[PDB]
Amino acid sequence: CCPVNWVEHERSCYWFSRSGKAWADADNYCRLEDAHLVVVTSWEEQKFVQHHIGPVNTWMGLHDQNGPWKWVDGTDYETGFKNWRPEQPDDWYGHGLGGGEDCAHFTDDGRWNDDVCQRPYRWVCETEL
């Protein structure tokens, strides 16, 4: 029951961009498709997303812009699945662009990193059947 060009996996529909956007723009894009930036809650979902994105930095629906880490659909962060690269998240200021790092993304090996929300990365939308 997914729209055309979306991939079905375990009762969810996924859309994989092939262009980049800043996190806020990617978030708005997903909402306009009645969807949300991907929310990863299991190792099997993590492996499925990794297969389709390949070795490319790609935004997910996890951020700490207003305080603590939150998933865009209200899924609890603390008790949920996490796949940070060791030493991440680190809220790095050293990029010199202003502020720390408030948006999560998959890195080239699948492990997560927090980075500057303005960066243009590919993104994934998800909707639940």
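For every residue, the number given is its place in the sequence shown, counted from 1.
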Comparing mean C-alpha B factor in the record for 77-85 and 25-33, the higher one is 77-85
Mean Cα B-factor check, 66-74 vs 88-96, entry values; winner is 66-74
The third of the chain into which the C-alpha temperature factor of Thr58 falls is the lowest
Chain thirds by Cα B factor, record data; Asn113 belongs to the lowest
